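So this one's my_file.txt, compact mmCIF, C-alpha atoms and all ligand atoms:
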# COMPACT_ATOMS: atom_id res chain seq x y z
CA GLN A 1 -3.55 11.33 -12.84
CA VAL A 2 -2.96 8.17 -10.74
CA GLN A 3 -5.78 5.59 -11.24
CA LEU A 4 -6.54 2.06 -10.00
CA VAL A 5 -9.38 0.68 -12.13
CA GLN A 6 -10.99 -2.52 -10.83
CA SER A 7 -13.09 -5.24 -12.55
CA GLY A 8 -16.91 -5.39 -12.21
CA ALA A 9 -19.23 -6.76 -9.47
CA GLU A 10 -19.48 -10.55 -9.01
CA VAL A 11 -22.07 -12.93 -7.61
CA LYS A 12 -20.76 -16.29 -6.34
CA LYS A 13 -22.03 -19.42 -4.60
CA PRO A 14 -20.45 -20.82 -1.36
CA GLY A 15 -17.41 -23.01 -2.12
CA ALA A 16 -16.55 -21.16 -5.38
CA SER A 17 -13.63 -18.77 -6.19
CA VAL A 18 -13.51 -15.13 -7.28
CA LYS A 19 -10.66 -13.34 -9.07
CA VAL A 20 -10.69 -9.52 -8.81
CA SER A 21 -8.47 -7.41 -11.15
CA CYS A 22 -6.89 -3.96 -10.57
CA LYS A 23 -5.37 -1.99 -13.48
CA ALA A 24 -2.87 0.77 -12.65
CA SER A 25 -2.34 3.90 -14.76
CA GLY A 26 -0.86 7.40 -14.37
CA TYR A 27 2.31 6.00 -12.65
CA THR A 28 4.86 3.15 -13.10
CA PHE A 29 3.15 -0.02 -11.76
CA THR A 30 6.52 -1.58 -10.81
CA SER A 31 7.53 1.47 -8.63
CA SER A 32 5.42 0.38 -5.61
CA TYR A 33 3.38 -2.32 -3.82
CA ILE A 34 -0.28 -3.17 -4.36
CA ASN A 35 -2.36 -3.68 -1.19
CA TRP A 36 -5.73 -5.45 -0.97
CA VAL A 37 -8.42 -4.48 1.54
CA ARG A 38 -12.01 -5.62 1.97
CA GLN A 39 -15.12 -4.11 3.63
CA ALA A 40 -18.27 -6.11 4.49
CA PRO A 41 -21.63 -4.16 4.21
CA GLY A 42 -21.84 -1.68 7.11
CA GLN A 43 -18.49 -2.89 8.57
CA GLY A 44 -14.85 -1.66 8.78
CA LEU A 45 -11.82 -1.88 6.48
CA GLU A 46 -9.85 -5.11 6.76
CA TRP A 47 -6.37 -5.67 5.34
CA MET A 48 -5.99 -8.77 3.15
CA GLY A 49 -2.39 -8.67 2.01
CA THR A 50 0.28 -7.03 -0.14
CA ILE A 51 2.07 -7.91 -3.35
CA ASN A 52 5.47 -6.61 -4.47
CA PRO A 53 4.99 -6.36 -8.33
CA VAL A 54 8.74 -6.45 -9.17
CA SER A 55 9.64 -9.58 -7.15
CA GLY A 56 6.11 -11.11 -7.17
CA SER A 57 6.50 -11.65 -3.40
CA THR A 58 3.36 -11.54 -1.17
CA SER A 59 2.33 -11.29 2.51
CA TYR A 60 -1.22 -12.29 3.53
CA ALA A 61 -3.25 -11.50 6.65
CA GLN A 62 -3.57 -14.57 8.95
CA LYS A 63 -7.38 -14.59 8.35
CA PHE A 64 -6.97 -15.25 4.56
CA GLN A 65 -3.84 -17.56 4.58
CA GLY A 66 -4.48 -20.61 2.43
CA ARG A 67 -7.54 -19.01 0.72
CA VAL A 68 -6.08 -15.90 -0.98
CA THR A 69 -3.68 -15.73 -3.98
CA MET A 70 -2.22 -12.40 -5.14
CA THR A 71 -0.58 -12.25 -8.59
CA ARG A 72 0.25 -9.56 -11.17
CA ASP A 73 0.96 -9.12 -14.89
CA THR A 74 3.55 -6.31 -15.27
CA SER A 75 3.05 -6.19 -19.07
CA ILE A 76 -0.56 -4.85 -18.58
CA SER A 77 0.00 -3.12 -15.13
CA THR A 78 -2.62 -5.41 -13.51
CA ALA A 79 -2.72 -7.00 -10.00
CA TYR A 80 -5.10 -9.84 -9.20
CA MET A 81 -6.55 -11.06 -5.96
CA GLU A 82 -8.17 -14.52 -5.96
CA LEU A 83 -10.22 -15.65 -2.90
CA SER A 84 -11.16 -19.39 -2.68
CA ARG A 85 -13.60 -21.60 -0.68
CA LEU A 86 -16.07 -18.68 -0.50
CA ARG A 87 -18.59 -18.35 2.36
CA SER A 88 -21.57 -15.89 2.67
CA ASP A 89 -19.59 -13.73 5.17
CA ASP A 90 -17.04 -13.11 2.29
CA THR A 91 -19.73 -10.68 0.88
CA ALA A 92 -17.77 -7.42 0.81
CA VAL A 93 -16.39 -4.64 -1.37
CA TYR A 94 -12.78 -5.56 -2.31
CA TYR A 95 -10.35 -2.67 -2.87
CA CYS A 96 -6.84 -2.46 -4.29
CA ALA A 97 -4.62 0.45 -3.13
CA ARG A 98 -1.24 1.81 -4.14
CA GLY A 99 1.87 1.46 -2.00
CA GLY A 100 2.56 1.04 1.70
CA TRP A 101 0.57 4.21 2.51
CA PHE A 102 -2.56 3.20 0.44
CA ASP A 103 -2.25 6.69 -1.09
CA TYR A 104 -4.66 5.87 -3.97
CA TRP A 105 -7.57 3.44 -3.88
CA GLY A 106 -9.45 1.57 -6.62
CA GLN A 107 -13.25 2.12 -6.85
CA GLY A 108 -13.88 -1.28 -5.22
CA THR A 109 -15.43 -4.55 -6.47
CA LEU A 110 -18.56 -5.91 -4.83
CA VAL A 111 -18.42 -9.70 -4.46
CA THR A 112 -21.76 -11.10 -3.22
CA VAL A 113 -21.75 -14.66 -1.80
CA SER A 114 -25.32 -16.00 -1.78
CA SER B 1 20.48 11.15 1.08
CA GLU B 2 18.22 12.48 -1.76
CA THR B 3 17.25 10.16 -4.70
CA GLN B 4 16.88 11.99 -8.06
CA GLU B 5 17.95 9.07 -10.32
CA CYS B 6 18.34 5.27 -10.34
CA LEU B 7 19.87 2.75 -12.67
CA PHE B 8 17.09 1.31 -14.88
CA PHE B 9 17.15 -2.29 -16.07
CA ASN B 10 14.35 -4.48 -17.32
CA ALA B 11 15.13 -8.11 -18.31
CA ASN B 12 11.48 -8.39 -19.48
CA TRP B 13 11.70 -5.18 -21.67
CA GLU B 14 10.40 -6.96 -24.84
CA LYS B 15 7.16 -8.28 -23.17
CA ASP B 16 6.78 -5.14 -20.92
CA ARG B 17 7.33 -2.82 -23.98
CA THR B 18 10.10 -0.83 -22.13
CA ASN B 19 13.82 -0.04 -22.84
CA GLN B 20 16.39 -2.51 -21.48
CA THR B 21 19.02 -0.29 -19.71
CA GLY B 22 19.26 3.35 -18.81
CA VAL B 23 18.88 6.03 -16.16
CA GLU B 24 15.50 6.49 -14.56
CA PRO B 25 14.61 9.92 -13.09
CA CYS B 26 12.65 9.60 -9.80
CA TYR B 27 10.43 12.65 -9.82
CA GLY B 28 10.82 13.62 -6.16
CA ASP B 29 10.54 16.92 -4.22
CA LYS B 30 10.62 18.13 -0.56
CA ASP B 31 7.28 16.25 0.01
CA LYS B 32 7.96 13.29 -2.40
CA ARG B 33 10.52 10.81 -0.94
CA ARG B 34 12.02 8.45 -3.54
CA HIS B 35 14.20 5.34 -3.48
CA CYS B 36 15.92 2.92 -5.92
CA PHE B 37 15.39 -0.81 -5.98
CA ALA B 38 17.06 -3.95 -7.41
CA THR B 39 15.41 -7.36 -7.88
CA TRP B 40 17.29 -10.54 -8.88
CA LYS B 41 17.51 -14.33 -8.94
CA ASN B 42 20.52 -16.16 -7.46
CA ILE B 43 21.03 -19.64 -8.96
CA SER B 44 23.76 -21.08 -6.65
CA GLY B 45 25.99 -17.96 -6.89
CA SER B 46 24.97 -16.92 -10.45
CA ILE B 47 23.10 -13.56 -10.34
CA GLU B 48 20.37 -12.83 -12.95
CA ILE B 49 18.92 -9.35 -12.65
CA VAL B 50 15.16 -9.16 -13.00
CA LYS B 51 14.58 -5.36 -12.61
CA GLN B 52 16.20 -2.11 -11.41
CA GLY B 53 14.50 1.33 -11.10
CA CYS B 54 12.85 4.03 -8.94
CA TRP B 55 10.72 2.99 -5.96
CA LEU B 56 8.06 5.10 -4.22
CA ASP B 57 8.10 6.31 -0.61
CA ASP B 58 8.58 3.09 1.46
CA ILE B 59 9.58 2.96 5.20
CA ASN B 60 11.56 -0.31 4.42
CA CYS B 61 14.09 1.85 2.41
CA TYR B 62 14.43 4.85 4.74
CA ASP B 63 18.04 5.94 5.49
CA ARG B 64 19.53 2.88 3.71
CA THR B 65 22.47 3.91 1.48
CA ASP B 66 23.33 0.24 0.72
CA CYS B 67 20.93 -2.04 -1.25
CA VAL B 68 20.73 -5.19 0.99
CA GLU B 69 18.31 -8.18 0.84
CA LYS B 70 17.97 -9.30 4.53
CA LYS B 71 15.19 -11.93 4.01
CA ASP B 72 16.43 -15.55 4.42
CA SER B 73 16.62 -17.57 1.12
CA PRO B 74 13.93 -15.75 -1.00
CA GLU B 75 12.81 -17.06 -4.45
CA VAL B 76 13.30 -13.52 -5.92
CA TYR B 77 15.67 -11.18 -4.08
CA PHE B 78 14.69 -7.57 -3.47
CA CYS B 79 16.45 -4.53 -1.99
CA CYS B 80 15.80 -0.78 -1.86
CA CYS B 81 17.94 2.22 -0.91
CA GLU B 82 18.32 6.03 -0.95
CA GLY B 83 20.80 8.04 -3.05
CA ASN B 84 21.53 8.30 -6.79
CA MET B 85 22.28 4.90 -8.47
CA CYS B 86 22.41 3.19 -5.03
CA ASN B 87 20.74 0.13 -6.69
CA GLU B 88 23.83 -0.56 -8.96
CA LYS B 89 25.51 -2.49 -6.15
CA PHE B 90 23.37 -4.93 -4.20
CA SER B 91 24.01 -7.67 -1.69
CA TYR B 92 22.52 -10.46 0.40
CA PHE B 93 22.97 -10.52 4.23
CA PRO B 94 20.19 -12.82 5.59
CA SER C 1 -2.17 -6.24 16.73
CA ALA C 2 -5.54 -4.35 16.89
CA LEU C 3 -5.90 -0.55 16.67
CA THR C 4 -8.76 0.75 18.84
CA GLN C 5 -10.81 3.77 17.80
CA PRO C 6 -13.98 5.25 19.47
CA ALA C 7 -17.09 4.09 17.50
CA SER C 8 -18.25 7.69 17.10
CA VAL C 9 -17.72 11.41 17.76
CA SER C 10 -20.02 14.47 17.22
CA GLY C 11 -19.09 18.10 16.77
CA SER C 12 -20.69 21.44 15.96
CA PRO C 13 -19.72 23.37 12.74
CA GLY C 14 -16.49 25.42 13.02
CA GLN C 15 -15.08 23.64 16.09
CA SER C 16 -11.99 21.38 16.48
CA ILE C 17 -12.34 17.64 17.23
CA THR C 18 -9.97 14.67 17.83
CA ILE C 19 -10.24 11.05 16.82
CA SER C 20 -7.82 8.68 18.57
CA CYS C 21 -6.22 5.44 17.44
CA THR C 22 -4.71 3.29 20.22
CA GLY C 23 -2.24 0.43 19.69
CA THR C 24 0.62 -0.95 21.79
CA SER C 25 4.22 0.07 22.54
CA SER C 26 5.49 -2.39 19.90
CA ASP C 27 3.42 -0.88 17.01
CA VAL C 28 2.01 2.76 17.42
CA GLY C 29 4.49 3.41 20.28
CA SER C 30 7.46 2.29 18.13
CA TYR C 31 6.84 3.53 14.58
CA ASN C 32 5.75 6.71 12.75
CA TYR C 33 3.63 4.74 10.28
CA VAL C 34 -0.01 5.53 11.33
CA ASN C 35 -2.28 6.74 8.52
CA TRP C 36 -5.78 8.26 8.47
CA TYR C 37 -8.47 7.57 5.82
CA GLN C 38 -11.75 9.36 5.22
CA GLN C 39 -14.64 7.34 3.74
CA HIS C 40 -17.98 8.79 2.60
CA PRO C 41 -20.92 6.30 2.35
CA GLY C 42 -20.72 4.30 -0.87
CA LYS C 43 -17.25 5.70 -1.76
CA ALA C 44 -13.69 4.38 -1.64
CA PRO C 45 -11.46 5.51 1.30
CA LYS C 46 -9.26 8.63 0.71
CA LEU C 47 -5.82 9.13 2.37
CA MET C 48 -5.90 12.21 4.64
CA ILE C 49 -2.75 11.85 6.75
CA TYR C 50 0.22 9.45 6.44
CA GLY C 51 3.29 8.76 8.59
CA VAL C 52 1.49 10.15 11.71
CA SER C 53 1.49 13.82 10.57
CA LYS C 54 2.31 14.11 6.81
CA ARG C 55 -0.41 15.54 4.60
CA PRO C 56 -0.72 14.61 0.86
CA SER C 57 -1.15 17.38 -1.79
CA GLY C 58 -4.82 18.29 -2.24
CA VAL C 59 -5.75 17.51 1.38
CA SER C 60 -7.21 20.47 3.37
CA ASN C 61 -4.87 21.78 6.11
CA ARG C 62 -7.89 21.50 8.53
CA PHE C 63 -6.68 17.86 8.85
CA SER C 64 -3.67 17.24 11.12
CA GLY C 65 -2.01 14.23 12.76
CA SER C 66 -0.02 13.64 15.97
CA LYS C 67 1.06 10.79 18.33
CA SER C 68 1.81 10.53 22.07
CA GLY C 69 2.75 7.12 23.51
CA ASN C 70 0.57 4.31 22.02
CA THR C 71 -2.08 6.71 20.68
CA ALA C 72 -2.14 8.48 17.31
CA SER C 73 -4.69 11.35 16.89
CA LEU C 74 -6.41 12.92 13.93
CA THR C 75 -7.50 16.57 14.55
CA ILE C 76 -10.14 18.20 12.31
CA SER C 77 -10.45 22.01 12.63
CA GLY C 78 -13.10 24.32 11.16
CA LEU C 79 -15.53 21.34 11.22
CA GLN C 80 -17.67 21.39 8.06
CA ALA C 81 -20.74 19.38 6.93
CA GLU C 82 -18.57 17.65 4.26
CA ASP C 83 -16.33 16.26 7.06
CA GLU C 84 -19.17 13.94 8.12
CA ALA C 85 -17.85 10.45 7.15
CA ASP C 86 -16.10 7.37 8.66
CA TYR C 87 -12.45 7.74 9.69
CA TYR C 88 -10.10 4.75 9.87
CA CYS C 89 -6.58 4.64 11.14
CA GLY C 90 -4.20 2.12 9.62
CA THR C 91 -0.50 1.21 9.50
CA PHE C 92 1.98 0.98 6.60
CA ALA C 93 1.63 -2.41 4.72
CA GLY C 94 4.58 -3.67 2.61
CA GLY C 95 7.86 -5.61 3.00
CA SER C 96 8.42 -6.33 6.76
CA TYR C 97 5.20 -4.47 7.72
CA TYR C 98 1.81 -6.15 7.95
CA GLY C 99 -1.28 -4.01 7.64
CA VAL C 100 -3.97 -3.42 10.23
CA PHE C 101 -6.90 -0.98 10.24
CA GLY C 102 -8.70 0.46 13.29
CA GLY C 103 -12.44 -0.29 13.66
CA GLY C 104 -13.42 3.13 12.27
CA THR C 105 -15.02 6.21 13.80
CA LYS C 106 -18.23 7.67 12.51
CA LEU C 107 -17.94 11.52 12.67
CA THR C 108 -21.31 13.39 12.96
CA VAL C 109 -21.64 17.18 12.44
CA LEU C 110 -24.53 18.43 14.74
CA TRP C 111 -26.97 21.02 13.39
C1 LIG D 1 13.13 4.68 -23.75
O1 LIG D 1 13.60 5.78 -22.97
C2 LIG D 1 13.34 7.08 -23.52
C3 LIG D 1 13.99 8.10 -22.60
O2 LIG D 1 14.27 7.62 -21.26
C4 LIG D 1 11.84 7.27 -23.72
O3 LIG D 1 11.60 8.52 -24.37
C5 LIG D 1 11.24 6.13 -24.55
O4 LIG D 1 9.82 6.25 -24.56
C6 LIG D 1 11.61 4.77 -23.95
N1 LIG D 1 11.15 3.69 -24.80
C7 LIG D 1 10.21 2.80 -24.43
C8 LIG D 1 9.89 1.73 -25.44
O5 LIG D 1 9.65 2.84 -23.34
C1 LIG D 2 24.06 -15.29 -4.01
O1 LIG D 2 24.15 -16.57 -3.37
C2 LIG D 2 25.40 -16.83 -2.71
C3 LIG D 2 25.34 -18.25 -2.19
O2 LIG D 2 24.86 -19.17 -3.15
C4 LIG D 2 25.64 -15.79 -1.62
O3 LIG D 2 26.89 -16.02 -0.98
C5 LIG D 2 25.63 -14.39 -2.24
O4 LIG D 2 25.78 -13.40 -1.23
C6 LIG D 2 24.35 -14.14 -3.03
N1 LIG D 2 24.45 -12.89 -3.76
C7 LIG D 2 23.42 -12.05 -3.96
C8 LIG D 2 23.78 -10.69 -4.50
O5 LIG D 2 22.26 -12.36 -3.72
Will you turn the file into C-alpha cells for me?
Amino acid sequence: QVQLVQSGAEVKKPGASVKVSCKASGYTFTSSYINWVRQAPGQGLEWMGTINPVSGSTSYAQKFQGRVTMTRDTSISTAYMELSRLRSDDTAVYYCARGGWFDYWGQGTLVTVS
Amino acid sequence: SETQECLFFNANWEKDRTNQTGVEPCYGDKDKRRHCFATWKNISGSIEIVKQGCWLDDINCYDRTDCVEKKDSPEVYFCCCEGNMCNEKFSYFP
Amino acid sequence: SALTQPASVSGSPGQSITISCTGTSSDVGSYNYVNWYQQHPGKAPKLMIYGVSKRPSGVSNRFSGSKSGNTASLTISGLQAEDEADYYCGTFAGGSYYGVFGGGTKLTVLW
C-alpha cells in the first residue's frame, strides 16, 4: 500500500538545524506534492509548506520563511525538510503527507529542542 | 475530460532507474481523478523537458484541457491538465 | 486566513453530531477544498473527508461533509467510542493554494 516512512526522533540545542526525511513507497513519488506539517505537544496541526517533486518548486508558510528548506531526491523517492535557527518552541512532531489533500501521512518525527 | 493515459518522459531515467519515453497509464476510476503533467526548463527560447507523466488529483488541474504554465518567470516550468496525452503540448502564458 | 473550530463537542453513543469549520468568503466561501482529519492521541492524522464532501475508500460512511456560506461541517452519525479523537479541518495545499488547518475539535463520547 501507500507509505510515507520518516526518519527517527532528534534532540537539538537552540540555534542548531534539523533535517527530517520522508521516504515514499507504494505509489510514484513524482505523481504528487509532498506537504509538511508540524504539531507541538498538546497543540494543533500547523502547515509548514509544500514541495513539488517534479519541478523542485516550494511554497512555505509565512511563519517558517527564511528558516525552512524543502528538498527531494527523486532517485530514492525521499523528501527532506530542514528547519534552521531552532528555538525551544520548535519542539514538535513533524509530519510529511502526500498530495494537496494530505491523503496519506508519515508516522511523524519528534524533534525536541532543549 | 477523463485521463486514462499520459505521455511519459524522464530526462533523468538513468539516475532514477526508469524508462526514458513511453505511455503512462493513470490508474483512475469514478472516485480517482487523474491528470497529466509536463515540467521543463526554458533557456532563452530553447525548451529542455525535465519530466512528463500522470499526476494525482489536484484542484490546480481541474477542467484544464490545455497544459499552461501561468506563473511569471519560474526556474522550472510546470503545467497539468485533464484528458489523454494532454501533456504532449504545453505552453507559457504568465 | 484562519479556520475557526469549536474547542470541543460531546455526544452520546448512537447519536449524530456536527463539527463546524468557519473561514471567510474568500476561502471556505469560494472553494470546495475543505478537508477533515481524525487524530487519535499519539497517532498521525487520518483523512476522513476531502473536497468538502468526498469520502476516501476505507472511511466509514458514518462520516459526511457539507458547506453553507463560510462554514464547512463534518457530521458523524452512529457515534461510537472509537470516534473519540481530535478533528481538524484544513484546506488543499499545493501550487497556487497555501495550507491552513483549523485549531482542532476534541470530540468526547459520554458514557
Ligand atoms: C519500462 O516500462 C515497462 C512497461 O511500461 C515496465 O514493465 C518496465 O519495468 C519499465 N522499466 C523500468 C526500468 O522501469
Ligand atoms: C519559452 O520562453 C520564451 C521566451 O524566452 C517564451 O516566449 C515561450 O512561450 C516559452 N515557452 C515555453 C513552452 O515555456
> Residues within 12 Å of ligand LIG 2 (chain D) (only C-alpha atoms and all ligand atoms), as a ChimeraX atom specification?
Replying inline: /B:38-49,67-79,87-94
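The nearest approach to ligand LIG 1 (chain D) among the residues B:28, B:22, B:53, B:83, with only C-alpha atoms and all ligand atoms taken into account, belongs to B:22.
Distances from C:42, C:99, C:23, C:58 to residue 5 in chain C were compared using all atoms listed in the file, and the smallest one belongs to C:23.
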> Using all atoms listed in the file, which protein or nucleic acid residues are at most 10 Å from ligand LIG 1 (chain D), as a count of residues only?
Replying inline: 13
>> Taking only C-alpha atoms into account, find every residue of chain C that has an atom no more than 12 Å from chain B, and write it out as a PyMOL selection string.
In response: chain C and resi 31-34+50-51+54-57+91-98
